[PDB]
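Q: please find the sequence and an experimentally derived structure below.
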Amino acid sequence: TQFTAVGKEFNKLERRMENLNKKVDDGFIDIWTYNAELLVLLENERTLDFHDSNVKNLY
Amino acid sequence: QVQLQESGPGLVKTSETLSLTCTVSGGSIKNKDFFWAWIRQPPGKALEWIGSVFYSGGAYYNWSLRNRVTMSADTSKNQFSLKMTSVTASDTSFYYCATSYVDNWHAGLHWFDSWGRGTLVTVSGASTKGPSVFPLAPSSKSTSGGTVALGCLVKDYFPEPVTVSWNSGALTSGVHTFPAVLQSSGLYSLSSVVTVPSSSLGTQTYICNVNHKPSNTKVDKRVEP
Amino acid sequence: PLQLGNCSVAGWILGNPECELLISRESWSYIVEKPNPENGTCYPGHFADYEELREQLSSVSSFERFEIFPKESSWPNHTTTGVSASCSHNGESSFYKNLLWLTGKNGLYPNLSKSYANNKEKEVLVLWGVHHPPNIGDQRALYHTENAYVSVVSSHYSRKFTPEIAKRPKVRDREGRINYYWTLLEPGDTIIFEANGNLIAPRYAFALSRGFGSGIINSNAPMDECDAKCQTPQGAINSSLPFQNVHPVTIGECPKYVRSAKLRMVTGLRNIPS
Amino acid sequence: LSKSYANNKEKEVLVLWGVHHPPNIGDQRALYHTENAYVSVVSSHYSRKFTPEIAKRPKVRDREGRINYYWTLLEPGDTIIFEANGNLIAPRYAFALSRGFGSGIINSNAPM
Amino acid sequence: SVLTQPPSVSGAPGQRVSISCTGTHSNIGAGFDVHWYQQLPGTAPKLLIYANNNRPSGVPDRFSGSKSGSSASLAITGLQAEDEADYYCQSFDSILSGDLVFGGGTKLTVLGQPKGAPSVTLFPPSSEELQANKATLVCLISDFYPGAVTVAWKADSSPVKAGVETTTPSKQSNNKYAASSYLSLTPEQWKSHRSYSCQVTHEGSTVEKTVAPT
Ligand SMILES: *[C@@H]1O[C@H](CO)[C@@H](O[C@@H]2O[C@H](CO)[C@@H](O)[C@H](O)[C@H]2NC(C)=O)[C@H](O)[C@H]1NC(C)=O
Ligand SMILES: *[C@@H]1O[C@H](CO)[C@@H](O)[C@H](O)[C@H]1NC(C)=O
Ligand SMILES: *[C@@H]1O[C@H](CO)[C@@H](O)[C@H](O)[C@H]1NC(C)=O
Ligand SMILES: *[C@@H]1O[C@H](CO)[C@@H](O)[C@H](O)[C@H]1NC(C)=O
């Protein structure tokens, strides 16, 4: 990650930009929250499966 | 530590435009701490500020001149300039270039240093006239008192001035270039004189180098008795 | 950062008499403002492109206040004593430190013309105001004209302001208004002010070098000597991890915000010891 | 002056004009012989009245004076009216166009 | 000139002179510093005092500056002949645009300066000049004090009025003066008379010089 200031401030006659900006911020949170939660679930199963295959092979 | 030199003297037709350039040596014109000035002085009269310019072209001008003057800087050539429009006879002055160390302009605590020699700009409807140089030689009947003098006679030129050196600069001792005459015909006549010992009269070459920068009229003259 | 206490960016930048922040800072990484500052535009009016100025002033690498047009000497044929009950300091009508209220002197308000060549090699934030009286009486009393103008021009700005007099709801006890304007004067450029009335003349301007790209945080959290890579409104965060669930609106090299409560990766084996 | 233009192109017409703003009242009077100048420009989707504002300005390309540039994309079948008593930098050439997909500008010294 | 200076001041050597510079509410009275310049005959001005009382290098403790209210003063104690020059004060004026301003200048005269006599040298029309169908006699007057002279020409031994053209005396580096007188004749006039003469009168005392066509 590079240096970034997420926040943007708008005036009472800039409600569309305000919302456009909310759409961006929320869309990215939606993606990262889904991806991150699912990646961890998938690769935790993969890690556990990997140990199992190593002990079965050591045997 | 900086040296300033204005452009050559010359004539400007009435209602026309005056241009001058100053050349900075011993340092850069591209310095945030200086505002480069143009000051003027009508002969025999007082000093007047025209304007001051930053290297970026940002300038301040004498209120009374704000609409006739324009100043610029050329960071490559290390020069700053003046352009003055719709010239009147009142614009006949000695134009000097100087500089000011400036922190905050409107504090008004700044002065002028590193002044140039000055340049005479003559405003006239008249035309540029070159000089007729003649040798002023000492007599073949003269019995030497102790010393002796010879000279150069610069005749009917316009405008002022003429630079008179001797032996391309070699001769400095005893030299005396006299202030010119305004021949009541509008033309000028000036004469330089060098005083030498009697001994070195026949035994030395005397060449007076005359320069009328207004007309680009360089003339060298052998003064022989 | 730049802590503003009870002041807003407007209050601090205009020089509201309740804002000062003693011997001031010359560089800041971000700005700290309270959720609702109580000291801003003490004299009411519109601050032009305020959210834009706020963004441009977020991070600043170099910053110097300089008396663009010194109060004590710049206006010999104008009065500069102008103060307001709405801009009080302690128990007395004061005004903004960075601006000057020019009104008539000896029955006249002569034309003014004051240019400024940018000799700073940095951008210069030049701020002014236009006064809009509530009635024609006041207009005539203060500026001795009914046909007033305020021209402000640079090589990249040109606006002519004419005052508009009107009956207005009182704000901080004023029917009158001062509209605030600014420009970032480019290195080497000249700005010209020319007026016959209503100019709230710039007094102090600022030579600056605009930083990376930061923002403002509105938080009542204490300031501290600690060093971070990621700042949140409620406190700083350890930036080494890829994700955080602390706050969505941050400043820095930050982990990605996630709605998740836990994100733990198994390294070892299932712990089955009995 | 009063000069209208009915869009007979069946395409959008990019109409460009300018408003001259002299540095002094002398020049204003010299060039336009009015101190109370106007430039009206109106279509069915544009309406702006321009009054010149004279002022002392820093010179740019040796000018104290300014020309502010304006444009509108006149819709097929629409009329545009220009009406002025001074300061109009009148449109000479206009452009009938059909706006493409959605592109952009590239700033590059690469060969074509 | 927005700043006012006395046209002139004088002093005997070793005395103290004071050149005043008086301003207004928009310049000195507005708090702007005052600076001074020394201008010697036929040279560009040079800085003498900067920032009210500061001396640049090469300026002796004799020169001092003071500023009070809306007026400034240049003082010179122990006056020397070398100090004889014009003196300009400079400040700043905020009334309009914010301008740099100068005073009208003050000519300083140092007194008790020796009454030196003129050095006249007279030249006949050159070989090249007469061959160019013109004739000019050049009478060069130099190193005289005070700067007042009357030049009278002589054709044989009779007065001349036509062809005579003389300069107004100018100040030299040494504080002495110099003049020139040029007599215009035709080569015919030059040859027809036995000898021409230049008579220079300075403080009643007169100097004569002569030239003949051989
Ligand atoms: C700065 O903010 C303070 C605090 O909000 C303001 O002070 C209030 O002023 C009113 C005036 O009618 C008083 O009744 C309140 O008691 C004050 N509040 C506090 C908490 O002291 C003040 O107006 C602001 N100053 C400026 C110049 O903007
Ligand atoms: C802000 O205002 C409060 C009272 O509302 C006060 O206690 C505090 O000291 C003020 N100053 C700062 C810098 O927060
Ligand atoms: C400025 O004010 C003075 C009076 O204090 C007055 O005499 C003068 O005319 C005014 N105008 C200018 C431009 O000096
Ligand atoms: C930051 O996080 C990493 C990984 O979680 C950890 O190793 C490190 O000690 C943390 N440092 C601090 C100061 O919290």
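A: On my side now, so go ahead. Numbering: from 1, shown residues only, chains lettered A, B, ... in the order given. Ligands and ions are numbered 1, 2, ... in the order given.
Q: may I have the secondary structure class of residue 10?
A: Defaulting to chain A. coil (DSSP: H, G, I helix; E, B strand; the rest coil).
Q: wait, chain C was what I had in mind.
A: Secondary structure, three-state DSSP: residue C:10 is helix.
Q: for chain A, which residue gets nearest to chain E?
A: Residue nearest to chain E within chain A: residue A:11 (37.0 Å; Cβ to the nearest Cβ). C-beta coordinates here come from the backbone N, C-alpha and C atoms, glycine included.
Q: with chain B instead?
A: Residue nearest to chain E within chain B: residue B:108 (2.8 Å; Cβ to the nearest Cβ).
Q: would you map the helices across chain A?
A: For chain A, applying DSSP state H gives helices covering A:15-58.
Q: how is chain E divided into domains?
A: Per the record, chain E has its domains at E:1-112, E:113-214, by curated CATH domains.
Q: wait, which of those is closest to ligand 4?
A: Checking the domains of chain E against ligand 4 by Cβ to the nearest ligand atom gives domain E:1-112 as the closest, at 55.2 Å.
Q: so is that closest one next to chain B?
A: Yes: Domain E:1-112 reaches chain B (Cβ under 8 Å from any Cβ of the partner chain) through E:1, E:30-33, E:35, E:37, E:44-47, E:50-51, E:56, E:88, E:90-94, E:96-105.
Q: take the residues you listed and keep only those in strands.
A: In strands, defined here by DSSP state E, the members of the residues of domain E:1-112 next to chain B are E:35, E:37, E:46-47, E:88, E:90-93, E:99-102.
Q: the residue of chain A closest to chain E contacts residue C:49, correct?
A: No: using Cβ atoms under 8 Å as the test, residue A:11 is too far from residue C:49 to be in contact (9.6 Å).
Q: how many neighbours does the spatially closest residue to residue A:18 that is not a sequence neighbour have?
A: Nearest non-adjacent residue to residue A:18, counting by Cβ to Cβ, 6 or more residues apart in numbering or on different chains: residue A:10, 4.2 Å away. With neighbours defined by other Cβ atoms under 10 Å in any protein chain shown, the count for residue A:10 comes to 14.
Q: spit out the contact partners of the residue of chain B closest to chain E.
A: Contacts were defined as Cβ atoms under 8 Å, 6 or more residues apart in numbering or on different chains; by that measure residue B:108 touches C:73, E:30-33, E:91-94, E:98.
Q: then residue E:126?
A: Contact analysis of residue E:126 by Cβ under 8 Å, 6+ apart lists B:134-137, B:153.
Q: and for the closest residue to chain D within chain E, the neighbour number?
A: Taking Cβ to the nearest Cβ as the measure, chain E has residue E:97 as its residue closest to chain D, at 10.0 Å. Neighbours of residue E:97 under the rule other Cβ under 10 Å: 18.
Q: go ahead and confirm it touches residue C:113.
A: Yes: between residue E:97 and residue C:113 there is a contact under Cβ under 8 Å: 5.8 Å.
Q: ok, and of the residues of domain E:1-112 next to chain B, which contact chain A?
A: Among the residues of domain E:1-112 next to chain B, chain A is touched by none when using Cβ under 8 Å from any Cβ.
Q: list buried residues within those.
A: Buried by 16 or more other Cβ atoms under 10 Å in any protein chain shown: E:30-33, E:35, E:37, E:44-47, E:50, E:88, E:90-94, E:96-105, out of the residues of domain E:1-112 next to chain B.
Q: isn't residue C:41 right up against residue C:11?
A: Yes: here residue C:41 reaches residue C:11: they are 7.2 Å apart, a contact under Cβ under 8 Å.
Q: residue contacts, residue 26?
A: No chain was given, so I picked chain A. Residue A:26 touches nothing, counting by Cβ under 8 Å, 6+ apart.
Q: please go with chain C instead
A: Residues in contact with residue C:26 (Cβ under 8 Å, 6+ apart) are C:62-64.
Q: gap between it and ligand 1?
A: Distance, residue C:26 to ligand 1, using Cβ to the nearest ligand atom, to the nearest Å: 25 Å.
Q: just residue A:5 next, same as before
A: When distance is defined by Cβ to the nearest ligand atom, residue A:5 is 28 Å away from ligand 1.
Q: now for residue B:44, how many residues are close by?
A: Counted with other Cβ under 10 Å, residues neighbouring residue B:44 total 5.
Q: same thing with the one 5 residues further on?
A: Residues contacting residue B:49 under the criterion other Cβ under 10 Å number 22.
Q: what residues are bridge-paired with it?
A: The partner list for residue B:49 in beta bridges (DSSP bridges) reads residue B:39.
Q: which helix of chain E spans the most residues?
A: helix E:187-192.
Q: pull the distance from the helix or strand that that helix is followed by to the chain's centre.
A: Per DSSP states H and E, the first helix or strand lying C-terminal to helix E:187-192 is strand E:196-202. With Cα atoms, centre = their mean, to the nearest Å as the basis, strand E:196-202 stands 23 Å off its chain's centre.
Q: dump the next helix-or-strand element following strand E:196-202 to CSV, restricted to CA.
A: Downstream of strand E:196-202, the next assigned helix or strand under DSSP H and E is strand E:205-211. The C-alpha coordinates for strand E:205-211 follow below in CSV (Å, rounded to 0.1, in the frame of the first residue of the first chain):
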residue,chain,number,x,y,z
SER,E,205,44.3,88.2,-13.8
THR,E,206,44.6,87.4,-17.5
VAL,E,207,46.5,84.8,-19.6
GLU,E,208,47.2,85.2,-23.3
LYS,E,209,48.2,82.5,-26.0
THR,E,210,49.0,83.1,-29.7
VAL,E,211,49.2,81.0,-33.1
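Q: check which helices and strands the one helix or strand residue B:37 maps to sits against.
A: For residue B:37, the element it lies in under DSSP H and E is strand B:34-41. When contacts are defined as 3 or more Cβ pairs under 8 Å, 6 or more residues apart in numbering or on different chains; DSSP states H and E, strand B:34-41 packs onto strand B:18-25, strand B:48-53, strand B:69-74, strand B:93-101.
Q: buried residues in the helix or strand following the third one, which are they?
A: Using DSSP H and E, the helix or strand that directly follows strand B:69-74 along the chain is strand B:79-84. Of the residues in strand B:79-84, those buried under the neighbour-count criterion (16+ other Cβ under 10 Å) are B:79-82, B:84.
Q: how about stretch A:18-32?
A: Buried positions in stretch A:18-32, judged by neighbour count with 16+ other Cβ under 10 Å: A:21, A:25, A:32.
Q: any idea how far that stretch is from the chain center?
A: Counting by Cα atoms, centre = their mean, stretch A:18-32 comes out at 12 Å from the chain centroid.
Q: same thing with stretch B:99-108?
A: Relative to its parent chain, stretch B:99-108 has a centroid offset of 28 Å by Cα atoms, centre = their mean.
Q: could you tell me which residues of chain A lie near chain C?
A: Within chain A, the residues that sit near chain C (Cβ under 8 Å from any Cβ) are A:1-11, A:14, A:25, A:28-29, A:32-33, A:36-37, A:40, A:43-44, A:47-48, A:51.
Q: please convert the buried members of these into ChimeraX selection syntax.
A: To isolate the buried ones among the residues of chain A next to chain C in ChimeraX, judged by 16+ other Cβ under 10 Å, type:
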select /A:5,6,7,8,25,32,33,36,37,40
